[PDB]
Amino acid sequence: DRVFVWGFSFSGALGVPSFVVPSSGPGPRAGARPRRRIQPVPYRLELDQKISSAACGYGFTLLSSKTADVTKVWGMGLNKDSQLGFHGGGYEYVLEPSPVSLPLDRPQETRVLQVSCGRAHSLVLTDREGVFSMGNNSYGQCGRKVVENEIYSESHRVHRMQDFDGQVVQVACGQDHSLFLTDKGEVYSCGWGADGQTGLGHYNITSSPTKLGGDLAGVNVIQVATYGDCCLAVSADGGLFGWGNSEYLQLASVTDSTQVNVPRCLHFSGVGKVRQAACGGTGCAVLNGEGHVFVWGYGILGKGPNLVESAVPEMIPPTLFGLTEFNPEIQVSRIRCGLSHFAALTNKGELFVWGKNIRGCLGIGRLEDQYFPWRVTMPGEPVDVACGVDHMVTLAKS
């Protein structure tokens, strides 16, 4: 029903053109006023589309609808690598949600299910035509061969990927790599490999979606999570797996290596069965079967100023998400990660955020970091959120 945006505005990633020029709200006698580079509180994006999926890249945004109409994806923000596809004019920054073209075989039948965005590339998942990629391909993260002198600005190139065993049901962009999850419970990857983030047993560039093995072999993966150079995966029976960057204790419980290129099972007694995972630049979060959130890695993890790093998941007190004797049914039903901040939706329809407050990306008015979960207020019930580096998008109901 409703789309809310907030955070860093000056790259156009929030989609309101008046955010970057002197302007005023309605009020016939009100003069224009200067804007800052931040929208510090949730703002309702005016877009007459039914958005079912949102993604925040590093300074840009994708929004997608499940409609059978030919226009299914909109984008705004930084576009110097064509991460939003091609857009007329020589505009490096798209200031309002603009239609993103897709070379579909049947544009009036195929539907878009999900969007994802990394540092400079994007992925678009369709129900019947595979995965589409656009943006920077300097590291093969778009799933096609690296062309060494390719110019990525003002590019019409959109790659199509269908060489998967089964339908792809989730796509997830890392910083300079991409993850693909099939309905057979198997993970594919491509892109930069220096930290092992592709999980293919080596450290080189991968320019075609390649199935991961290691501890994921024969495992029914139901979710993958990434955004920086670290990756997590959740299995159907509650198992947790990780690979990629481990400079920040993300995978230190199983290895001394800071660059893990083979997926490793992560056994944490006391967590129970993991149902969701989220992964930021230096931190990680999981949600277990009791609706409890656990955080680890490095940063402002959510248990006050004294918890800065850990190799093992640390439980966030459920009372910080509103649990009391008068509200004993409260638990978290969805977790998401930005690059350095965290987000949790409770079964009461309440959004909590914490972590680094990078240019008002927490959306709580005040600009300081939040070392404990903090409720975000907006004229609607949050259903899901996408978290960027310095901005956020919320999909909400009226």
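So that there is no doubt, residue numbering starts at 1 and follows the sequence shown.
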item	value
Mean Cα B-factor comparison, 208-216 or 225-233, giving the higher one as deposited	208-216
Between the two ranges 85-93 and 104-112, the one averaging a larger CA B factor in the entry	85-93
Among 197, 282, 155, 79 - the residue whose C-alpha B-factor is largest in the record	155
C-alpha B-factor winner, where the candidates are 385, 378, 13, 389	378
Chain thirds of CA B-factor: placement of residue 164	highest
Entry-reported Cα temperature factor of residue 365, expressed as the chain third it lands in	highest
Chain-wide C-alpha B factor ranking for residue 288, given as lowest, middle or highest third	middle
Third of chain Cα B-factors occupied by residue 353	lowest
Chain-wide C-alpha B factor ranking for residue 248, given as lowest, middle or highest third	middle
